[PDB]
Amino acid sequence: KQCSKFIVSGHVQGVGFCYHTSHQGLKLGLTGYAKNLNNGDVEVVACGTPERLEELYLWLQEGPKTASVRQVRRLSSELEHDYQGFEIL
Amino acid sequence: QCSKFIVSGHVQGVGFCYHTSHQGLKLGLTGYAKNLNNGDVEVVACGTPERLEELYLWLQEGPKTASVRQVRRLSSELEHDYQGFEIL
Amino acid sequence: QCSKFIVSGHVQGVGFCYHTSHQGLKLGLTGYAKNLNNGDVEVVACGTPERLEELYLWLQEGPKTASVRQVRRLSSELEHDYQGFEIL
Amino acid sequence: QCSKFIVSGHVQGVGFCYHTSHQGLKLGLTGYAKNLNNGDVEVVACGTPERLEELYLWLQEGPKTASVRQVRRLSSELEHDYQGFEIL
Amino acid sequence: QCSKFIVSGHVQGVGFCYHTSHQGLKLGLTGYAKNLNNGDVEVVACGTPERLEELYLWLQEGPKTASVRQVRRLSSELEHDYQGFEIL
Amino acid sequence: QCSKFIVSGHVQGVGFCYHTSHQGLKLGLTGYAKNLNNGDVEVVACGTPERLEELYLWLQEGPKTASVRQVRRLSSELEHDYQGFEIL
Amino acid sequence: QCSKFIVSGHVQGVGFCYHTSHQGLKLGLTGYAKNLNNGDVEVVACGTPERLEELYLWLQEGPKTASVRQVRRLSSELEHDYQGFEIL
Amino acid sequence: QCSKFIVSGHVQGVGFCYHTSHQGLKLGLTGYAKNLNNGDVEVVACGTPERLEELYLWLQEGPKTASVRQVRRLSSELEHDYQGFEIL
Amino acid sequence: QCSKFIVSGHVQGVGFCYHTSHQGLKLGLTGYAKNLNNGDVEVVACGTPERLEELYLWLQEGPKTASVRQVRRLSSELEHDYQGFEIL
Amino acid sequence: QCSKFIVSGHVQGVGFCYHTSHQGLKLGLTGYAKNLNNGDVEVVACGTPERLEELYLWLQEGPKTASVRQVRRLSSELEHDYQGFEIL
Amino acid sequence: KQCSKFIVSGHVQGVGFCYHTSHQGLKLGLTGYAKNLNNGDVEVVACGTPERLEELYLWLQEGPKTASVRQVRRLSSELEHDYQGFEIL
Amino acid sequence: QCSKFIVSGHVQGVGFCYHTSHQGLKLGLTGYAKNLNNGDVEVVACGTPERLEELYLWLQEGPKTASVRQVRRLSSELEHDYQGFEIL
């Protein structure tokens, strides 16, 4: 059990993205949230096992989705909180 | 803008609504999928046009459990802001 | 004690429904304000005929963001208790 | 296995929708009873046709507060799980 | 209009509140049924007076679990829309 | 005090659970009606023992839509404060 | 810093409770407006005493639908953080 | 059985109601801790008596944030089932 | 028309219950996927036999996070209207 | 399209957030007003740029309880659909 | 991270126990449920680190609580489901 | 009278947030304890200076599951009303 943070940028809000991401997590058994940042980015935080975070990291990059994902930056995270489901904002 | 879709076929009771709304929330669309009495499903959807085109094309060709016979996009001029994508 | 109102004009997405629902909750009225596919807003409101007149007036010339062109009062024989003043 | 009904007379604000849902839910049915502008009540039940018959009969002869002049069955090709027995 | 009722006897925790709220919703009434620290139940119900008479009768001789001993109709000049028929 | 009731017959799908939970709430009881896999309906109900005989009897001969074939009184040593009368 | 007010006149079912709570929340205040049997409205606010004076005045002179005969400040010794500005 | 407790002191705004209901729920009690206008807190509690004693004892002596001055128990009777232990 | 399925393997905490729920919802079904002590999921779906077949297939073969070992079909008699598609 | 506003002054606790969300929902906007640790209130508002200039105006000159010193317009590049006009 | 199950028996329902337990668990960072069984017992399932499951196990035993706890029997559990908070029933 | 508090150590996933929120509710306070990315909890509480003091104390020396290292007091100018005691 471990949580990662990711900062996705590009055409990423308003294009079903925080939903798809949410949904895609829950499907991988993850918990977290996708939050809409003011710059235009989406900050996604998920927690599960590391290979389930890889799969999401992989989805976040190349996955089939409406959004035009220009970059995903993984960030180190020390939060070990039990998030409920996978929430938007 | 908002578009309206009459779907006719074997559309009620086959997860059609759930699926349609799933598909829409994934495109960034807002609207509803209402069960009509005749047997059709009405689908109202708002987003950017190219997105509603996507949705329209799914309603027609998209892989689903339902047996879609026709997809008529009716015109009309609603400019309300819908909540999510609900099933009425 | 309910009346039906068919507000036409630039009335969707321009706070008209939140605003109307508020203005009628202040008159002690109940009912709804539902958005219609042609671009109109169907406002149904229940109360004493006098508060109805205040509200009919308010729909026309009151201050509001919306550009209201025409308000057509319609008859209604409707005796159900509406809880609050919902949107749609 | 979903029927439409139009009930007419003195039938709104007289508990009718509510009692109707209650009678339906006892029969094991799901659907709604909606208040219509003209005064009439659109009740849509769903279940086994005998139960749907049972509700037709209650809609006609059943001890109730409302004064029911006419109950007209209409046809429905609604093929949909309705949650409870809503009032609308 | 609204009336207030002060039901006394073995009338608490014996279904009486649920029952009255049910029975009142079937007459198309609104209001409440509140448990009082002396053991009585306060029933406020709002409707047409004839329905209120029906309910007033119901409280007395109606079939119901509770052993009612006395019902003292009070004045009440309250004109507030009560949503449904609550408990407490 | 609480009791356990295993009812069998034509009891699922036929509004039995709601109707039971209704009768319960009318006699002042608290409990649940759980739909079992075998096709039986497990009813747990709590209150004064006399009221539990009324329910145990209504479970047998009480007018209802379900076709009750057998009612099985099981020994329960539970003492939990149950919410309303939930359908499970 | 919580006052109690008893407002009297034609004040119930005339949007007064609702307009009051709105005016309150605009002012920064928390409390309720409760409908009383005799007819009067029990408004209880909580804030800084200026905002409390502002509301006093609004209750008296404020443009509103109701006809306010009397407003009697009535002194409270209560601290409890009321969450919103409820209607009761 | 239910009991009533008027607690006077520095009891409002000091977690007294929260803490009281926390303590009750831990003893298996149901009821409510209502802030009164004078400044006291009413506490209605139901359970086995030996539990109401415990609460009464905690109410008086129990470690808390509030500054209790007098703990009067009043007339028991009142035989309702309260949902949880609430705060109002 | 309600089939029960005991799914086994690495099937808890892997999104399977969510996922299974989304698939049954996509096929027009209602039911639940509950997590069992042994490590297993019991999924209970109710729809048409063919829709129940698509699902039994998916549980087996469908793309999913989990590592299914074995899906057994157990027999059921439950004829109850499950709400949506929950997770327990 | 969206915009960002940092309002500073005597703006917290004086009903500013509410009143802002009210003007907001009146102009048809969506967004939020978030109370900041520094003492300023961050308002985000989404809609037609003319309605934004209306809100931006009202944030300065608008009749309100708050004592507004300065209103800073920031770059918001946002695009997210916001629900109501929430208070954070 | 893991789950255990405990069957606590004695005078255990109607005496604030399922509330206290839920509460005690939540304070230990655990999630699970306290379920009222028909026999008179209380089934408690809780999830977290094993030293946090000890603390609850130890609580359940000697901890000060209204109930009259006669026996606590720990049972083996293979469930690894994310439970939301700590629920009663 | 709204203090902010950055707590650190092994303080996430250890029931701290729940527990802090319960201590603060016991002290008659409102506010939140939110989990931060670095590992830290930021607890924001609002009440009377001394109540904010017992909390500051408890945060440090109070019995709790967590391993607190350092508690810093910070800021603040929040003059906002916070609901209950949340977790973020």
# chains A, B, ... in the order shown; residues from 1 in each chain; ligands from 1
$ calpha_fit_and_write --fixed "chain I" --moving "chain H" --output "mmCIF file with C-alpha atoms, in the first residue's frame"
data_model
loop_
_atom_site.group_PDB
_atom_site.id
_atom_site.type_symbol
_atom_site.label_atom_id
_atom_site.label_comp_id
_atom_site.auth_asym_id
_atom_site.auth_seq_id
_atom_site.Cartn_x
_atom_site.Cartn_y
_atom_site.Cartn_z
ATOM 1 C CA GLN H 1 -34.799 -14.102 -12.834
ATOM 2 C CA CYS H 2 -31.832 -13.984 -10.416
ATOM 3 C CA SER H 3 -28.589 -16.015 -10.367
ATOM 4 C CA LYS H 4 -25.616 -16.379 -7.976
ATOM 5 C CA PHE H 5 -21.881 -16.606 -8.707
ATOM 6 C CA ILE H 6 -19.096 -17.473 -6.339
ATOM 7 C CA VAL H 7 -15.864 -16.133 -7.766
ATOM 8 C CA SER H 8 -12.649 -17.537 -6.329
ATOM 9 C CA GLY H 9 -9.200 -16.198 -7.022
ATOM 10 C CA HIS H 10 -7.350 -12.988 -6.326
ATOM 11 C CA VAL H 11 -10.628 -11.101 -6.295
ATOM 12 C CA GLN H 12 -10.634 -8.774 -3.302
ATOM 13 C CA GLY H 13 -9.053 -5.326 -3.395
ATOM 14 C CA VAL H 14 -8.578 -5.364 -7.143
ATOM 15 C CA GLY H 15 -11.534 -3.401 -8.433
ATOM 16 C CA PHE H 16 -13.297 -6.666 -8.939
ATOM 17 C CA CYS H 17 -16.564 -5.611 -7.261
ATOM 18 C CA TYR H 18 -16.555 -2.138 -8.794
ATOM 19 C CA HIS H 19 -15.776 -3.619 -12.196
ATOM 20 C CA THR H 20 -18.383 -6.380 -11.870
ATOM 21 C CA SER H 21 -21.108 -3.903 -11.030
ATOM 22 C CA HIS H 22 -19.960 -1.558 -13.753
ATOM 23 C CA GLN H 23 -20.268 -4.465 -16.206
ATOM 24 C CA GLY H 24 -23.691 -5.518 -14.869
ATOM 25 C CA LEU H 25 -25.273 -2.058 -15.013
ATOM 26 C CA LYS H 26 -24.157 -1.985 -18.650
ATOM 27 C CA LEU H 27 -26.015 -5.167 -19.440
ATOM 28 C CA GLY H 28 -29.138 -3.952 -17.672
ATOM 29 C CA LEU H 29 -28.627 -6.147 -14.625
ATOM 30 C CA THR H 30 -29.362 -5.530 -10.944
ATOM 31 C CA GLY H 31 -27.729 -7.086 -7.882
ATOM 32 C CA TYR H 32 -24.644 -7.042 -5.655
ATOM 33 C CA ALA H 33 -20.989 -8.067 -5.443
ATOM 34 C CA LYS H 34 -20.251 -8.941 -1.800
ATOM 35 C CA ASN H 35 -16.711 -9.686 -0.494
ATOM 36 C CA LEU H 36 -16.814 -12.872 1.550
ATOM 37 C CA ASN H 37 -14.563 -13.870 4.434
ATOM 38 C CA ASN H 38 -12.803 -16.771 2.706
ATOM 39 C CA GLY H 39 -11.595 -14.373 0.038
ATOM 40 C CA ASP H 40 -14.110 -15.034 -2.714
ATOM 41 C CA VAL H 41 -16.619 -12.555 -4.001
ATOM 42 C CA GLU H 42 -20.298 -13.493 -4.207
ATOM 43 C CA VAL H 43 -22.162 -11.969 -7.128
ATOM 44 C CA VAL H 44 -25.955 -11.935 -7.244
ATOM 45 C CA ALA H 45 -27.397 -10.711 -10.532
ATOM 46 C CA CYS H 46 -30.867 -10.414 -11.984
ATOM 47 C CA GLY H 47 -32.032 -9.861 -15.560
ATOM 48 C CA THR H 48 -33.027 -11.804 -18.659
ATOM 49 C CA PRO H 49 -31.072 -15.104 -18.738
ATOM 50 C CA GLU H 50 -29.133 -14.311 -21.954
ATOM 51 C CA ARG H 51 -27.755 -11.339 -20.053
ATOM 52 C CA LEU H 52 -26.774 -13.447 -17.032
ATOM 53 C CA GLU H 53 -24.927 -15.612 -19.517
ATOM 54 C CA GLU H 54 -23.019 -12.580 -20.812
ATOM 55 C CA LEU H 55 -22.058 -11.652 -17.248
ATOM 56 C CA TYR H 56 -21.082 -15.254 -16.458
ATOM 57 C CA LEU H 57 -18.888 -15.175 -19.552
ATOM 58 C CA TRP H 58 -17.274 -11.833 -18.626
ATOM 59 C CA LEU H 59 -16.896 -13.126 -15.063
ATOM 60 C CA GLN H 60 -14.822 -16.007 -16.418
ATOM 61 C CA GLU H 61 -13.107 -14.593 -19.480
ATOM 62 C CA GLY H 62 -13.642 -10.833 -19.318
ATOM 63 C CA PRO H 63 -10.685 -8.465 -19.244
ATOM 64 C CA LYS H 64 -10.020 -7.379 -15.680
ATOM 65 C CA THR H 65 -7.452 -6.513 -13.056
ATOM 66 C CA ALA H 66 -8.401 -9.421 -10.795
ATOM 67 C CA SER H 67 -6.937 -12.867 -11.215
ATOM 68 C CA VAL H 68 -9.905 -15.201 -11.498
ATOM 69 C CA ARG H 69 -9.383 -18.912 -10.815
ATOM 70 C CA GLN H 70 -12.881 -20.443 -10.623
ATOM 71 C CA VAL H 71 -16.366 -19.105 -11.394
ATOM 72 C CA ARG H 72 -19.080 -21.279 -9.904
ATOM 73 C CA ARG H 73 -22.711 -20.442 -10.554
ATOM 74 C CA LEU H 74 -25.077 -21.567 -7.826
ATOM 75 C CA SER H 75 -28.815 -22.174 -7.296
ATOM 76 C CA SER H 76 -30.838 -19.448 -8.995
ATOM 77 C CA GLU H 77 -34.183 -18.972 -7.044
ATOM 78 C CA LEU H 78 -34.653 -15.664 -5.229
ATOM 79 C CA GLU H 79 -37.181 -13.325 -6.854
ATOM 80 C CA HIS H 80 -36.395 -9.927 -5.309
ATOM 81 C CA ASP H 81 -35.897 -6.639 -7.091
ATOM 82 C CA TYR H 82 -32.506 -5.268 -6.180
ATOM 83 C CA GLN H 83 -32.063 -1.487 -6.400
ATOM 84 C CA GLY H 84 -28.790 -0.959 -8.223
ATOM 85 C CA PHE H 85 -25.704 -3.053 -8.477
ATOM 86 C CA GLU H 86 -24.069 -2.454 -5.109
ATOM 87 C CA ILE H 87 -20.818 -3.322 -3.420
ATOM 88 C CA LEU H 88 -20.640 -4.957 0.018
#
$ interface_residues --of "chain K" --to "chain F" --cutoff "7 Å" --atoms "only C-alpha atoms" --output "VMD selection string"
chain K and resid 13 to 14 36 to 40
$ write_last_selection --atoms "C-alpha atoms" --output "mmCIF file, in the first residue's frame"
data_model
loop_
_atom_site.group_PDB
_atom_site.id
_atom_site.type_symbol
_atom_site.label_atom_id
_atom_site.label_comp_id
_atom_site.auth_asym_id
_atom_site.auth_seq_id
_atom_site.Cartn_x
_atom_site.Cartn_y
_atom_site.Cartn_z
ATOM 1 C CA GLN K 13 -25.955 -5.872 22.074
ATOM 2 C CA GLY K 14 -28.113 -2.932 23.174
ATOM 3 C CA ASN K 36 -25.210 -7.934 15.582
ATOM 4 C CA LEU K 37 -25.689 -11.696 15.217
ATOM 5 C CA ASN K 38 -28.801 -13.717 16.006
ATOM 6 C CA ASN K 39 -27.274 -15.919 18.696
ATOM 7 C CA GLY K 40 -26.524 -12.979 20.970
#
$ select_by_dssp --residues "chain I" --states "strand (DSSP E or B)" --output "PyMOL selection string"
chain I and resi 2-10+30-35+41-46+67-74+85-87
$ atom_distance --atom1 "atom CA of residue 29 of chain A" --atom2 "atom CA of residue 61 of chain A"
18.7 Å
$ select_by_dssp --residues "chain B" --states "alpha helix (DSSP H)" --output "list in words"
residues 16, 17, 18, 19, 20, 21, 22, 23, 24, 25, 49, 50, 51, 52, 53, 54, 55, 56, 57, 58, 59, 60 and 61 of chain B
$ write_last_selection --atoms "N, CA, C and O atoms" --output "PDB file, in the first residue's frame"
ATOM      1  N   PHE B  16     -28.916   0.469 -21.452  1.00  0.00           N
ATOM      2  CA  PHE B  16     -28.631   1.417 -22.509  1.00  0.00           C
ATOM      3  C   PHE B  16     -28.348   2.775 -21.926  1.00  0.00           C
ATOM      4  O   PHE B  16     -27.406   3.451 -22.347  1.00  0.00           O
ATOM      5  N   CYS B  17     -29.164   3.144 -20.932  1.00  0.00           N
ATOM      6  CA  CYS B  17     -29.100   4.449 -20.254  1.00  0.00           C
ATOM      7  C   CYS B  17     -27.823   4.648 -19.471  1.00  0.00           C
ATOM      8  O   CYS B  17     -27.084   5.606 -19.706  1.00  0.00           O
ATOM      9  N   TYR B  18     -27.596   3.749 -18.522  1.00  0.00           N
ATOM     10  CA  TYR B  18     -26.340   3.660 -17.809  1.00  0.00           C
ATOM     11  C   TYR B  18     -25.158   3.819 -18.762  1.00  0.00           C
ATOM     12  O   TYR B  18     -24.250   4.646 -18.537  1.00  0.00           O
ATOM     13  N   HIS B  19     -25.168   3.007 -19.823  1.00  0.00           N
ATOM     14  CA  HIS B  19     -24.051   2.969 -20.763  1.00  0.00           C
ATOM     15  C   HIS B  19     -23.878   4.305 -21.495  1.00  0.00           C
ATOM     16  O   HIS B  19     -22.768   4.841 -21.600  1.00  0.00           O
ATOM     17  N   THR B  20     -24.987   4.831 -22.000  1.00  0.00           N
ATOM     18  CA  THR B  20     -25.000   6.117 -22.680  1.00  0.00           C
ATOM     19  C   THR B  20     -24.445   7.205 -21.796  1.00  0.00           C
ATOM     20  O   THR B  20     -23.647   8.029 -22.238  1.00  0.00           O
ATOM     21  N   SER B  21     -24.876   7.217 -20.538  1.00  0.00           N
ATOM     22  CA  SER B  21     -24.398   8.241 -19.616  1.00  0.00           C
ATOM     23  C   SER B  21     -22.928   8.001 -19.261  1.00  0.00           C
ATOM     24  O   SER B  21     -22.132   8.940 -19.194  1.00  0.00           O
ATOM     25  N   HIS B  22     -22.566   6.738 -19.057  1.00  0.00           N
ATOM     26  CA  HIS B  22     -21.163   6.416 -18.863  1.00  0.00           C
ATOM     27  C   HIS B  22     -20.331   7.007 -20.001  1.00  0.00           C
ATOM     28  O   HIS B  22     -19.384   7.757 -19.765  1.00  0.00           O
ATOM     29  N   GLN B  23     -20.724   6.683 -21.229  1.00  0.00           N
ATOM     30  CA  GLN B  23     -20.042   7.158 -22.427  1.00  0.00           C
ATOM     31  C   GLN B  23     -19.970   8.682 -22.487  1.00  0.00           C
ATOM     32  O   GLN B  23     -18.981   9.218 -22.945  1.00  0.00           O
ATOM     33  N   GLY B  24     -21.006   9.369 -22.016  1.00  0.00           N
ATOM     34  CA  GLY B  24     -21.054  10.822 -22.074  1.00  0.00           C
ATOM     35  C   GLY B  24     -20.172  11.517 -21.042  1.00  0.00           C
ATOM     36  O   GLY B  24     -19.392  12.419 -21.368  1.00  0.00           O
ATOM     37  N   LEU B  25     -20.284  11.081 -19.791  1.00  0.00           N
ATOM     38  CA  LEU B  25     -19.448  11.583 -18.709  1.00  0.00           C
ATOM     39  C   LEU B  25     -17.960  11.435 -19.035  1.00  0.00           C
ATOM     40  O   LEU B  25     -17.112  12.121 -18.449  1.00  0.00           O
ATOM     41  N   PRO B  49     -19.510  20.741 -29.715  1.00  0.00           N
ATOM     42  CA  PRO B  49     -20.124  19.986 -30.813  1.00  0.00           C
ATOM     43  C   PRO B  49     -19.374  18.717 -31.208  1.00  0.00           C
ATOM     44  O   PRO B  49     -20.002  17.666 -31.292  1.00  0.00           O
ATOM     45  N   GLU B  50     -18.065  18.813 -31.440  1.00  0.00           N
ATOM     46  CA  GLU B  50     -17.261  17.670 -31.883  1.00  0.00           C
ATOM     47  C   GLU B  50     -17.403  16.513 -30.908  1.00  0.00           C
ATOM     48  O   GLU B  50     -17.286  15.347 -31.283  1.00  0.00           O
ATOM     49  N   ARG B  51     -17.661  16.846 -29.652  1.00  0.00           N
ATOM     50  CA  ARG B  51     -17.963  15.840 -28.649  1.00  0.00           C
ATOM     51  C   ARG B  51     -19.360  15.212 -28.852  1.00  0.00           C
ATOM     52  O   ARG B  51     -19.545  14.003 -28.683  1.00  0.00           O
ATOM     53  N   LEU B  52     -20.344  16.030 -29.214  1.00  0.00           N
ATOM     54  CA  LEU B  52     -21.693  15.517 -29.399  1.00  0.00           C
ATOM     55  C   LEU B  52     -21.727  14.672 -30.668  1.00  0.00           C
ATOM     56  O   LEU B  52     -22.549  13.757 -30.812  1.00  0.00           O
ATOM     57  N   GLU B  53     -20.829  14.981 -31.594  1.00  0.00           N
ATOM     58  CA  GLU B  53     -20.710  14.176 -32.789  1.00  0.00           C
ATOM     59  C   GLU B  53     -20.184  12.799 -32.399  1.00  0.00           C
ATOM     60  O   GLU B  53     -20.742  11.779 -32.806  1.00  0.00           O
ATOM     61  N   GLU B  54     -19.125  12.789 -31.585  1.00  0.00           N
ATOM     62  CA  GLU B  54     -18.579  11.562 -31.005  1.00  0.00           C
ATOM     63  C   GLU B  54     -19.697  10.710 -30.402  1.00  0.00           C
ATOM     64  O   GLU B  54     -19.870   9.547 -30.764  1.00  0.00           O
ATOM     65  N   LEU B  55     -20.443  11.309 -29.476  1.00  0.00           N
ATOM     66  CA  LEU B  55     -21.540  10.638 -28.790  1.00  0.00           C
ATOM     67  C   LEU B  55     -22.544  10.094 -29.782  1.00  0.00           C
ATOM     68  O   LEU B  55     -22.929   8.938 -29.680  1.00  0.00           O
ATOM     69  N   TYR B  56     -22.952  10.925 -30.743  1.00  0.00           N
ATOM     70  CA  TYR B  56     -23.898  10.515 -31.793  1.00  0.00           C
ATOM     71  C   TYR B  56     -23.430   9.240 -32.516  1.00  0.00           C
ATOM     72  O   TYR B  56     -24.160   8.268 -32.631  1.00  0.00           O
ATOM     73  N   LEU B  57     -22.186   9.262 -32.967  1.00  0.00           N
ATOM     74  CA  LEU B  57     -21.531   8.122 -33.585  1.00  0.00           C
ATOM     75  C   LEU B  57     -21.461   6.883 -32.689  1.00  0.00           C
ATOM     76  O   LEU B  57     -21.391   5.761 -33.182  1.00  0.00           O
ATOM     77  N   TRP B  58     -21.415   7.083 -31.378  1.00  0.00           N
ATOM     78  CA  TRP B  58     -21.417   5.959 -30.462  1.00  0.00           C
ATOM     79  C   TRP B  58     -22.834   5.414 -30.407  1.00  0.00           C
ATOM     80  O   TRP B  58     -23.051   4.198 -30.455  1.00  0.00           O
ATOM     81  N   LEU B  59     -23.799   6.319 -30.324  1.00  0.00           N
ATOM     82  CA  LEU B  59     -25.179   5.909 -30.198  1.00  0.00           C
ATOM     83  C   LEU B  59     -25.575   5.004 -31.375  1.00  0.00           C
ATOM     84  O   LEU B  59     -26.358   4.049 -31.217  1.00  0.00           O
ATOM     85  N   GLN B  60     -25.017   5.322 -32.548  1.00  0.00           N
ATOM     86  CA  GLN B  60     -25.238   4.581 -33.779  1.00  0.00           C
ATOM     87  C   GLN B  60     -24.381   3.326 -33.758  1.00  0.00           C
ATOM     88  O   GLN B  60     -24.895   2.237 -33.533  1.00  0.00           O
ATOM     89  N   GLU B  61     -23.070   3.483 -33.949  1.00  0.00           N
ATOM     90  CA  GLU B  61     -22.150   2.335 -34.116  1.00  0.00           C
ATOM     91  C   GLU B  61     -21.600   1.684 -32.832  1.00  0.00           C
ATOM     92  O   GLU B  61     -21.274   0.503 -32.843  1.00  0.00           O
TER      93      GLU B  61
END
$ atom_distance --atom1 "atom CA of residue 6 of chain A" --atom2 "atom CA of residue 41 of chain A"
10.1 Å
$ atom_distance --atom1 "atom CA of residue 77 of chain A" --atom2 "atom CA of residue 28 of chain A"
19.4 Å
